[PDB]
Amino acid sequence: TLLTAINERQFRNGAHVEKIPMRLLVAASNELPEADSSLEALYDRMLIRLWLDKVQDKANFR
Amino acid sequence: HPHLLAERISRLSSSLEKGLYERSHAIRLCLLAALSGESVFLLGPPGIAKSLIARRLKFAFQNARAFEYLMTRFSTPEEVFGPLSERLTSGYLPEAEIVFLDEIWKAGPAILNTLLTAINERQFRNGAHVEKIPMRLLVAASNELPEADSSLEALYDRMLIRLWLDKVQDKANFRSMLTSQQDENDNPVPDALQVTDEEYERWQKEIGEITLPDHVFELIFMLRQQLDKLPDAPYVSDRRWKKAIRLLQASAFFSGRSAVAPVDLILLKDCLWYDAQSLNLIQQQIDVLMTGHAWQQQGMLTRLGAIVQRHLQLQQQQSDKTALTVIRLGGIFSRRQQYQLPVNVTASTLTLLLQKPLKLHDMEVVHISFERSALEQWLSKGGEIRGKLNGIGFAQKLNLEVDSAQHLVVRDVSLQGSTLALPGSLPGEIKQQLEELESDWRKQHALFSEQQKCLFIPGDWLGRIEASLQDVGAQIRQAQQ
């Protein structure tokens, strides 16, 4: 269901579909998926892949 | 008198089209079902004007009443037919003609039960004694589809016409639709095109008197058995076949005809499907049937083969006159290839005759056909050739080699020679039998060139019927060259 709400911004509702006024789609996790699995169909469609990490600087931590 | 009826109907449907764009197919089907006593179903999203067509067909009559009710999940039968005091049915449905019911897939159980008796018997359980219901047109639109296992499928299986409406797609038709100054509540139908109550009662009796030709029955029985063998084809009940005849007989009645025309089977594309999956299957089987056995398209193909089989029998007897000389070439290959005849032959599945017959594969043969894509491949690279016998069966392997005199010698299990030959560019017996089959194509083409003015037939279907008739005629004129 998450693959049809990105390319066409639609979602089925029993019979027909309807538009979704979605403006921003964000997703976070921790681990990485497998190399041969069905979860790679959603990762290959996202654009920005942010790489966040914990703080390291001491001045910005005070 | 019957010829002037088609002109009055063509002018009546033209006035109803003014005000709605890309909806000509929906108005024509609702007009024919109203004059014959049938129903019609619509489907589409809210906003494509689905309730306006119900209030538009009421102006084509003189004594017609409208009824637009919105069925909800808490609707009661007393608020539809009339509240009892014996039921105050003053202007509702038992005495109305054209009624409209929106969102019919959500009413109560008592509402659907009363609608089943008002269609088969045209009556209502108005207290003790019953009364007839002068219902002329039954239309109902919605949005979603019913379940696969529910009681709502009882009414859906009884309806005949299943219209598939959708939003506009053309850009030029959307510009003039928003700025349209034509009113949708006036009376655009002239007073001279409106039928009276006496003409309606007389037309309902003359529809059932339309004769059923023997050639038309062969298309209905064949389409019924074809859908039963296909597991993916939707099931068609016996009630749908009986109610479809009343629609086809009414189409030829208002078109200047007295019998059932084979072209009227095109309207069956919207009376057999039930969902979006079976929509592409019904239109595919009818397109093949209308271009195969309607005007005897394939019927003359199986009859022409008997003439060709007899024609090839007389040509192989005198094959000693016209031989088959193979010339060389100068392409890009090392082994000595063999070049066939250039512009003299251009067919893909040509046949090759022979002088002395041989017993190949424990059976006799009089002509061997080689594919143009397969004969040129063996003569180029080499290896083994594969060819069928008598134009039937699979491409079996033969012992064909090259002759010293530039010919084609076919070898068998006894090492016997047989030089092949091609038929040259007409006996009296073949010409007498060919003109009888060719005259049948002109008789079937003359019928199509007289009934094509049917307004109820869509225009996109005429582009494929004419292209199918010219393909059969172009093949029968090749053997007579």
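**Side note on the overall build of chain A**
Move 1: Check the secondary structure of chain A and you find 2 helices and 2 strands.
Move 2: For a compact globule of 62 residues, the expected C-alpha radius of gyration is about 11 Å, and chain A comes in at 17 Å, more than 25% above that figure.
Move 3: By its C-alpha atoms, chain A is 55 × 30 × 20 Å across when sized along the principal axes.
Move 4: Considering chain A as a whole, with its 62 residues, one finds that 2% of them fall into the buried category.
Move 5: Surface summary for chain A: the accessible area is close to 6800 Å², and the carbon and sulfur share equals 54%.

**Here's the deal with the packing of helix α1 (residues 5-17) of chain B against helix α2 (residues 24-34) of chain B**
Residue and element names in this part refer to chain B.
Move 1: At a minimum axis distance of 10 Å, the contact between α1 and α2 shows a crossing angle of 130 degrees. For the element pair α1 / α2, the angle class is oblique. Classified by chirality, the crossing of α2 by α1 is right-handed. From α1, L12, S13, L16 and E17 reach across to α2, where they touch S24, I27, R28 and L31.
Move 2: Its residues placed into classes, the contact of α1 with α2 shows 4 nonpolar, 2 polar and 2 charged.

**Brief notes about the side chain of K243 of chain B**
Residue and element names in this part refer to chain B.
Move 1: Its place among the elements puts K243 in helix α8 (residues 238-253).
Move 2: The charged side chain of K243 is buried without a salt bridge, its nearest counter-charge being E38 at 4.4 Å.
Move 3: When residues no more than four places from it in sequence are discounted, the contact partners of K243 are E38, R158, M159 and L160.

**A few points about the sheet that holds strand β7 (residues 161-162) of chain B**
All names here are of chain B.
Move 1: Spatially, 5 strands are ordered β2-β3-β6-β1-β7 in an open sheet, and the strand pairing comes out parallel. Since the sheet does not close on itself, it has two edges, and those belong to β2 (68-70) and β7, each with one partner.
Move 2: In terms of strand pairing, strand β3 (residues 98-102) meets strand β6 (residues 137-140) through 3 bridges, oriented parallel. In the sheet register, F100 faces β6, and the bridge partner there is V139.
Move 3: The strands touched by α2 within the sheet are β1 (39-41), β6 and β7, with β6 carrying the most contacts at an inclination of about 140 degrees.

So, how was this worked out
Residues numbered from 1 in each chain as written, not as in the entry; some residues may be left out. Chains lettered and ligands numbered in written order. Part of a larger assembly, values for the part shown. Heavy atoms only, no water. Helix = DSSP H or I, 4+ residues; strand = E, 2+ residues; numbered from the N terminus. Rg over C-alpha atoms; globule rule 2.2 N^0.38 Å. Buried < 20%, exposed > 50% of the residue type's maximum accessible area, 1.4 Å probe, protein only. Areas by Shrake-Rupley, 256 points an atom, 1.4 Å probe, with all protein chains shown as cover. Axes fitted to C-alpha atoms, helices over the stretch in contact; angles between N-to-C directions. Parallel < 35°, antiparallel > 145°, perpendicular 65-115°, else oblique. Left-handed = near helix turned anticlockwise from the far one by under 90°. Contact = heavy atoms within 4.5 Å. Nonpolar A, V, L, I, M, F, W, Y, C, P; charged D, E, K, R; others polar. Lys, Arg positive; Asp, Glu negative; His and termini not counted. Salt bridge = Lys/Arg side-chain N within 4 Å of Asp/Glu carboxyl O. Pairing = 2+ DSSP bridges.

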